[PDB]
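Below you'll find the structure, written out as structure tokens, and then a few comments.
The residues of the chain are indexed from 1 along the displayed sequence. Side-chain atoms are counted along with the backbone in the values below, which use heavy atoms only and exclude waters and symmetry mates.
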Amino acid sequence: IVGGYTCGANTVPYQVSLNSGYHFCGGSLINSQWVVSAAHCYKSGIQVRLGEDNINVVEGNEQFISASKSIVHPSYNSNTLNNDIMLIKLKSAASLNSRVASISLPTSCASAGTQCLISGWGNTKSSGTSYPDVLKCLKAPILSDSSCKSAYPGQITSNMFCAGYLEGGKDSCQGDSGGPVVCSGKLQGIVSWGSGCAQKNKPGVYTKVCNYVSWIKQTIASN
Ligand SMILES: CCCCCC
Ligand SMILES: [Ca+2]
């Protein structure tokens, strides 16, 4: 997260870290056995780390659980990032408590202007590289589709939305992918892509979760 702030230990209980010997993508716990992330984060040998603050130190509250199955959306397109969503089934159910909790799926889509919380352990430098040990947070409003499509002409699909600041300085970044965009206690987006990080006139693009609520429920129900 570029231009964000330290969330504080376990203040974002639904945030997960996708680990393969290092942190590569974020995720959101939606129930005791399922995590939602980005399709472009897919990789074999994933271990889901719950209750994390400092990802480089064991401080207590962590739960390491192996991914039992990763379901990339069948219509995911790696070139356009359309349908950039993936479900991860945990080998065993997580123990829910104060430090580890699930986030709710939206009932309706969010409107332009809705303020959301974006979090992750991604790069904190727009021009350069710096990875944090602890979880960073950022408050960002959902932008209007007109401004979004104006920023990325012909690249925004009905399954994406822009969130952030057109003046730059605050945005998600590499390493934040797959992470949650929570608005009014509802998971509205998944960190997907952007042109660089915190660049002027180049907001972050996120997977529009409200379009997939039925897909999620049906897939989970049959697996
Ligand atoms: C990282 C412990 C072994 C499985 C991959 C994290
Ligand atoms: Ca830790």
Side-chain angles (χ1 to χ4, degrees), residues 1-2 4-71 85-106 116-124 130-140 172-192 206-207 209 216 219-220 223:
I1 296 298
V2 185
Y5 58 98
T6 305
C7 306
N10 306 104
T11 51
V12 187
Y14 49 91
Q15 174 83 229
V16 319
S17 175
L18 297 190
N19 186 278
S20 59
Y22 60 100
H23 164 83
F24 64 94
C25 272
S28 302
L29 190 63
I30 61 173
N31 64 38
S32 62
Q33 267 207 291
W34 292 86
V35 171
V36 176
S37 188
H40 88 260
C41 287
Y42 176 77
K43 177 188 305 190
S44 52
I46 291 179
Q47 181 187 63
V48 183
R49 327 253 270 203
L50 302 165
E52 287 277 10
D53 188 29
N54 185 326
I55 55 172
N56 291 293
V57 176
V58 171
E59 309 174 284
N61 297 316
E62 295 101 344
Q63 290 179 54
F64 295 173
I65 303 179
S66 291
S68 178
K69 183 188 306 182
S70 294
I71 306 174
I85 187 162
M86 159 176 85
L87 286 171
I88 302 173
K89 190 182 185 182
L90 302 183
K91 190 183 177 183
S92 57
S95 292
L96 301 170
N97 49 66
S98 304
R99 323 305 186 303
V100 179
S102 57
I103 186 64
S104 301
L105 292 177
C116 312
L117 179 70
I118 308 167
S119 51
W121 290 273
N123 195 1
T124 53
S130 191
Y131 286 92
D133 287 325
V134 298
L135 188 62
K136 297 297 179 185
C137 275
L138 173 69
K139 300 293 207 318
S172 47
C173 199
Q174 261 55 51
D176 291 319
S177 290
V181 177
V182 173
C183 328
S184 298
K186 250 72 177 179
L187 175 62
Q188 288 293 345
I190 295 167
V191 184
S192 189
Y206 303 80
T207 303
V209 180
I216 291 171
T219 304
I220 289 188
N223 284 280

Checking [X] side chain against [Y] main chain: does a donor-acceptor pair fall under 3.5 Å?
X: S130; Y: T124; answer: no
X: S68; Y: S92; answer: no
X: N97; Y: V100; answer: yes

Side chains of [X] and [Y]: closer than 4.5 Å at any heavy-atom pair?
X: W34; Y: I216; value: no
X: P180; Y: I103; value: no
X: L138; Y: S172; value: no
X: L87; Y: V36; value: yes
X: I220; Y: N31; value: yes
X: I118; Y: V191; value: yes
X: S98; Y: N10; value: no

[X] side, atom [atom1]; [Y] side, atom [atom2] - distance, nearest 0.5 Å:
X: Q63; Y: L90; atom1: CD; atom2: CG; value: 9.5 Å
X: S28; Y: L187; atom1: OG; atom2: CG; value: 4.5 Å
X: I190; Y: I85; atom1: CD1; atom2: CD1; value: 4.0 Å
X: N123; Y: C173; atom1: CG; atom2: SG; value: 4.5 Å
X: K139; Y: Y5; atom1: NZ; atom2: OH; value: 3.0 Å
X: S17; Y: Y22; atom1: OG; atom2: OH; value: 11.0 Å

Which atoms form the tightest heavy-atom contact between [X] and [Y], and what is the distance?
X: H40; Y: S177; answer: NE2-OG, 3.1 Å
X: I46; Y: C41; answer: CD1-O, 4.4 Å
X: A67; Y: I88; answer: CB-CG2, 3.6 Å
X: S37; Y: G26; answer: OG-O, 3.0 Å
X: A38; Y: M86; answer: O-CE, 3.3 Å
X: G122; Y: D176; answer: N-OD1, 2.9 Å

Neighbour count >12 (heavy atoms, 6.0 Å) for atom NZ, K91: no

Heavy atoms of other groups near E62 CD, more than 12 under 6.0 Å: yes

Donor + acceptor pair across side chains of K89, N223 (<3.5 Å): no

Flag for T6-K136: side-chain donor and acceptor within less than 3.5 Å: yes

Candidate list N19, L18, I65, test side-chain contact (heavy atoms from CB on, under 4.5 Å), partner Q47, passing option: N19

Pair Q15-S119, side chain to side chain donor-acceptor pair (under 3.5 Å): steps then yes or no: CA-CA 8 Å; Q15 174 83 229; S119 51; 2.6 Å; yes

For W121, ring-ring contact (aromatic ring centres under 6.0 Å, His included) partners two or more places apart: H23

